[PDB]
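Peer 1: First to last, the protein sequences are chains A, B and C. To convert a position in the first sequence, counted from 1, into the UniProt record's numbering, add 21. To convert a position in the second sequence, counted from 1, into the UniProt record's numbering, add 21. To convert a position in the third sequence, counted from 1, into the UniProt record's numbering, add 21. Using N, Cα and C, we set each Cβ at its ideal position, and we do this for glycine too. Can you read through this structure? Questions will come right after.
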Amino acid sequence: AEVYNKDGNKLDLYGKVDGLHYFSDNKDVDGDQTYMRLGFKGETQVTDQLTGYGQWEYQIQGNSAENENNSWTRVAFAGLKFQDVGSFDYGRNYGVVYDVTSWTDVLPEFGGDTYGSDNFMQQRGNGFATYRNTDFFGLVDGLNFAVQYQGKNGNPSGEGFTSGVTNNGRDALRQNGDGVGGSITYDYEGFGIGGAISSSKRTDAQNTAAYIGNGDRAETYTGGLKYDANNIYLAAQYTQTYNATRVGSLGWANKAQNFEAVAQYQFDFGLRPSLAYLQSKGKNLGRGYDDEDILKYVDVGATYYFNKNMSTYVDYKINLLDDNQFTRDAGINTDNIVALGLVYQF
Amino acid sequence: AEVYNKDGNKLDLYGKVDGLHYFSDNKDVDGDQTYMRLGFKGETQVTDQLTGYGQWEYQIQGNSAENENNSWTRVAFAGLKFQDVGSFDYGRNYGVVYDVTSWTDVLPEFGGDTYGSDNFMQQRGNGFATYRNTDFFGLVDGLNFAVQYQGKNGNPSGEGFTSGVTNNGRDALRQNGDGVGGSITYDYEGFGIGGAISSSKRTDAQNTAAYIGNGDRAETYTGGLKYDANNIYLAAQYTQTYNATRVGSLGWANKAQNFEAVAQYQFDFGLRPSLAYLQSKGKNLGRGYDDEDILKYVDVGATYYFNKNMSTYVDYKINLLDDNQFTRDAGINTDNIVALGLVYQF
Amino acid sequence: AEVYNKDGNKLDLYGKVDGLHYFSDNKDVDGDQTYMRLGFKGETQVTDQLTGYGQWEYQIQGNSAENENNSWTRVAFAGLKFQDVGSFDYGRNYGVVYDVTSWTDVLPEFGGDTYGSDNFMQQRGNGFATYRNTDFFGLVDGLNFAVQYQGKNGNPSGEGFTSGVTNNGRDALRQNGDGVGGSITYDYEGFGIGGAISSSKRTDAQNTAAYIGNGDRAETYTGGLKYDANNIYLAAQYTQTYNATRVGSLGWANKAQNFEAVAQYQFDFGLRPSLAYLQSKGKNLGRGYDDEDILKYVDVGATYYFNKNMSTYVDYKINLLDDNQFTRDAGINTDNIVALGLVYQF
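Next comes the structure, spelled out in structure tokens:
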């Protein structure tokens, strides 16, 4: 919670430590996943109508030995917020789509893995500019909508590259060009209807013949429904991506028609049994397959909260993906996983 | 100290900065050792009988240049604590043995180097599960005992390995298998008697012919005495490890019979002169030596506290190890060291 | 600001998040420069005349992807401060010269780039020992002067080196030997006159034939003037370095006669228009050039503060360096840059 509050500025340092264990026949994930997150969320009141804010979060891994450090900045964004107008921020922030897919991201640890960090515009990414209007400037409540842009993160500097070079370059699986997107959402009577659209130009370092799924731009459409009332949570979402969904290490997919569903219930003592189904179907991707789903699994779990600071979760990912050549080339999991976690948070 | 305390939860952010300098003829340690530690120790009261807690500490090095970062998570563990029953935690935590050897870890900077981080079960390590009972459920005070388990941390993923692979793999000198251990301690009238036992299965990546000291399991026994009264501190400890004591880079030792002693005195203004002797004898290790001690030195030092936040220490490690072929192969220090430190802590 | 204050010790955790964007034809800097800084500045009152303090700052980069972490410790120093005597600190701290050149370091993001971190003695560096006397032990106010020493940071350990090895070695462009320096400054009636002198022995790893500018020691002289009154800021500074000014990657320069000037004005609402000119002339360096300036540019910018926590700056670096062979060998920028930043700070 808030730790400093005086002279027109408040600042809370938040975070968590998660002692986590993965049990899987797939020895690439089996083991210990203990980690932590630490960050701050500061906000100042410039005037009775203008606000400023800065948030930052840093995830560190606690399962590595003493002689290596695994950690990364999840979010680091600064902006302003003018009342009944909206808020504008810049930095490394969440994607336009994430929010609606965040409706199906209420799992203990798994779930919402039809995308990853440093994807096109569908999760955490750098170079973001987001304008989020709340209540349509007061016409009606729970009618928010956002417009967002992102700049290019091309090839790294110093690696002999001569085209598509940016000071913060990276591997081609995580690069991107100039992209724009929007989102619209209405949440009333508990019922929530959300929609997102995004497009992003692709770089030449990604248009190579090694990575599959060549295309000019990446275009994502998402439509989702949600229901959160009387200790019940239901959510469904359907996304269609064109040249915008990763396929292991082989690159991306031409199309991807994934339909996610999740249902949870909150009991009067702190038990939350969750059931979430995910299927992401790759279609007309190429290389001889020309049709094969990227992901298919169910997740049955239970989270037990003792308060708003201490909790523990059990999770069971039943993977319904048989081992074939496409999976073995892409490196996509096919085994059932168990996740036992103990989370402290402040 | 505590910085946030309200709504049934308290959280203290603690740490220190240490401006340290090493003076040694061994140019591998001679130079600047300035560093810092930062972390949090949060605790919430679930019920009048059930507690939750989470601690985390991160050590960063301040003697490196601007273009590299040296740091690592020392401890990151979360658990619960039920009164007159005990506490159970998980994550990266301290070993079963450490506590009793912690009796001989009261030196300024040196001392307690018969083990290192990511050893078998004798210091900080990942994948820990520890149940510590206090006062034998109330029968008698100062009679605590702990039972602890640790899982395997095998070979890294993505390095072509096909056996003993875990998601948090590392080098073979720091791997381990499934291990279990216990400890029992009685501290009354200042007199403290402690004992620890630990065993750990070894992985096949460690059973190679390159690293010496092949064996099925690693077995450590420790017995120690302590005395802390009327501004006096005495401590002695004897450990015997089988296939569990590192020998530089060549692997481990078959046996190791180390006997540590330490004596310090606290004066009425803040002076603490410390004298600590360490000898760790490797026996029947192989490769032609078949008998040679791993470590032998004395440490004379003085710590001056100005308060509970600011202190400065002088330390003099007289190394009684002559330079032979075994040391030069293992990379074990043989020179006398001086350590001048200025420590601020909060 | 201060977050913990009780029992004779105070501690403030400070920092900032900066959403920054660089626009440049030089694709090595063009892109996103969003970053953050986090640290603590603790201080305890030992006696009514003796103080202890410890500061630490850590800069992390937020423009990198999820699978790499760019960060570094900027300052980490601990010391004591006896009233009307002075303060002594050790660790990674700022250089003797920086302060006077800090008079021309009042730019939004650019400026003060005639040196870099891990230079000889003119900015942040490790192994520092600084004694700063304030008011000449009370004879006259605003007459402070400092004496500072630094030890060697030679070659890294484990890289087959046999001479000039330190436990915290680095690349030869950032090494150094035993150096000493002093500084004297008088600030009265707003008028400030500052002067600094520094000398540093050079290591053999830097005396190679690959890096240009061979010489026994590095010697820097600096003289500067400042004026800060009635919402006006003027500053000028002249440095002459011998074997102490970096030249891209080719090593250093034999001489460097740089003359920096800056002028800013603070308006009654928060606008600060800044104009800063920098020229650093390399002379008699060798390799066939024998005369060529290291840097030459102007910077026109404007910073707008909304409070002491939220601000935003625009900056325009007009580079007056034409592209020749020397620049292309050294890797020195030649293009005009634009910098748009949004800074939140606590």
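Straight-line CA distance for residue 284 (chain B) to residue 218 (chain B)?
Peer 2: 25 Å
Peer 1: If contact means a Cβ-Cβ distance below 9 Å, which residues of the stretch 79 to 90 of chain C contact chain A?
Peer 2: 81, 82, 83, 84, 85, 86, 87, 88, 89 and 90
Peer 1: Is it buried or exposed for residue 270 (chain A), if we count other Cβ within 10 angstroms and need 16 for buried?
Peer 2: Answer is exposed; the Cβ neighbour count stays below 16.
Peer 1: For a quick check, are the C-beta atoms of residue 187 (chain B) and residue 51 (chain A) less than 8 Å apart?
Peer 2: By the CB criterion at 8 Å, residue 187 (chain B) and residue 51 (chain A) fall inside the cutoff.
Peer 1: Below 7 Å CB to CB, which residues in the same chain sit around residue 326 (chain C) once its five sequence neighbours on both sides are set aside?
Peer 2: 291 and 332
Peer 1: Pull up the DSSP beta-bridge partners for residue 243 (chain B), would you.
Peer 2: B:217 and B:260
Peer 1: Can you tell me the Cα-Cα spacing of residue 225 (chain C) and residue 85 (chain A), whole angstroms?
Peer 2: 37 Å
Peer 1: When you compare each of C:97, C:40 and C:315 to residue 350 (chain C) by their alpha carbons, which one comes out closest?
Peer 2: C:315
Peer 1: Judging by CA-CA distance, which residue of A:173, A:181 and A:250 is the nearest neighbour of residue 210 (chain A)?
Peer 2: A:250
Peer 1: Within 10 Å of its beta-carbon, does residue 253 (chain C) have 16 or more other beta-carbons around it, so buried, or fewer, so exposed?
Peer 2: exposed
Peer 1: For the stretch 185 to 203 of chain C against the stretch 165 to 175 of chain C, do three or more pairs of beta-carbon atoms, one drawn from each stretch, fall closer than 8 Å, so that the two count as touching?
Peer 2: yes
Peer 1: Name the DSSP beta bridge partners of residue 293 (chain C), please?
Peer 2: Residue 293 (chain C) pairs with C:324.
Peer 1: Could you compute how far the alpha carbon of residue 138 (chain C) sits from the alpha carbon of residue 272 (chain B)?
Peer 2: C-alpha separation (whole angstroms): 39 Å.
Peer 1: Classify residue 288 (chain A) as buried or exposed, calling it buried when 16 or more other Cβ atoms lie within 10 Å of its own Cβ.
Peer 2: exposed
Peer 1: I'd like to know whether the C-beta atoms of residue 282 (chain C) and residue 257 (chain C) end up nearer to each other than 8 Å.
Peer 2: Result yes, Cβ atoms of residue 282 (chain C) and residue 257 (chain C) sit closer than 8 Å.
Peer 1: Give the straight-line distance between the Cα atoms of residue 49 (chain C) and residue 36 (chain B), rounded to the nearest whole angstrom.
Peer 2: 38 Å
Peer 1: Report the rounded CA-to-CA distance for residue 67 (chain A) versus residue 29 (chain A), giving the unit in angstroms.
Peer 2: 7 Å
Peer 1: List the residues of chain B that residue 334 (chain A) touches, going by C-beta distances under 9 Å, in chain order.
Peer 2: The contacting residues do not exist; residue 334 (chain A) stays about 12 Å from chain B at best.
Peer 1: Is the stretch 94 to 113 of chain B touching the stretch 74 to 92 of chain A in the sense that three or more CB pairs, one from each, lie closer than 8 Å?
Peer 2: yes
Peer 1: What are the boundary residues of the beta strand (DSSP E) that residue 149 (chain C) is part of?
Peer 2: 146 to 154
Peer 1: Which of the three DSSP states is assigned to residue 115 (chain A) in this structure?
Peer 2: coil
Peer 1: When the distance is taken between beta carbons, is residue 25 (chain C) closer than 8 Å to residue 39 (chain C)?
Peer 2: no
Peer 1: For residue 361 (chain C) and residue 44 (chain C), I'd like the C-alpha separation in whole angstroms.
Peer 2: 8 Å
Peer 1: Which chain B residues sit within Cβ distance under 9 Å of residue 271 (chain A)?
Peer 2: Here the premise fails: no neighbours, minimum Cβ distance about 16 Å.
Peer 1: Could you tell me the boundaries of the beta strand (DSSP E) in which residue 95 (chain B) lies?
Peer 2: 92 to 103
Peer 1: State the beta-bridge partners of residue 30 (chain B) as determined by DSSP.
Peer 2: B:65
Peer 1: So the beta strand (DSSP E) residue 336 (chain B) belongs to, where does it begin and stop?
Peer 2: Counting along the chain, the beta strand (DSSP E) containing residue 336 (chain B) begins and ends at 331 to 340.
Peer 1: Measuring alpha carbon to alpha carbon, tell me which of C:300, C:193 and C:171 ends up nearest residue 340 (chain C).
Peer 2: C:300
Peer 1: Under 9 Å, CB to CB, which of the residues in the stretch 190 to 212 of chain B have a partner in chain C?
Peer 2: Residues of the stretch 190 to 212 of chain B with a C-beta atom less than 9 Å from some C-beta of chain C do not occur.
Peer 1: Taking 8 Å as the threshold (beta carbon to beta carbon), is residue 97 (chain C) in contact with chain B?
Peer 2: yes
Peer 1: Give me the Cβ distance between residue 131 (chain A) and residue 343 (chain A), rounded to the nearest whole Å; I'm assuming they're in contact under 8 Å.
Peer 2: About 19 Å separates the two Cβ atoms, so there is no contact after all.
Peer 1: Is the number of C-beta pairs between the stretch 108 to 125 of chain B and the stretch 106 to 117 of chain A that are closer than 8 Å three or more?
Peer 2: Two segments are said to touch when three or more pairs of C-beta atoms, one from each, lie closer than 8 Å; by this definition the stretch 108 to 125 of chain B does not touch the stretch 106 to 117 of chain A.
Peer 1: List the endpoints of the continuous alpha helix (DSSP H) containing residue 346 (chain C).
Peer 2: 346 to 351
Peer 1: Are the C-beta of residue 45 (chain A) and some C-beta of chain C separated by less than 8 Å?
Peer 2: Residue 45 (chain A) does not count as touching chain C.
Peer 1: In three-state terms, what does DSSP make of residue 194 (chain C)?
Peer 2: helix
Peer 1: Applying the 10 Å Cβ sphere with the 16-neighbour rule, what's the burial state of residue 61 (chain C)?
Peer 2: buried
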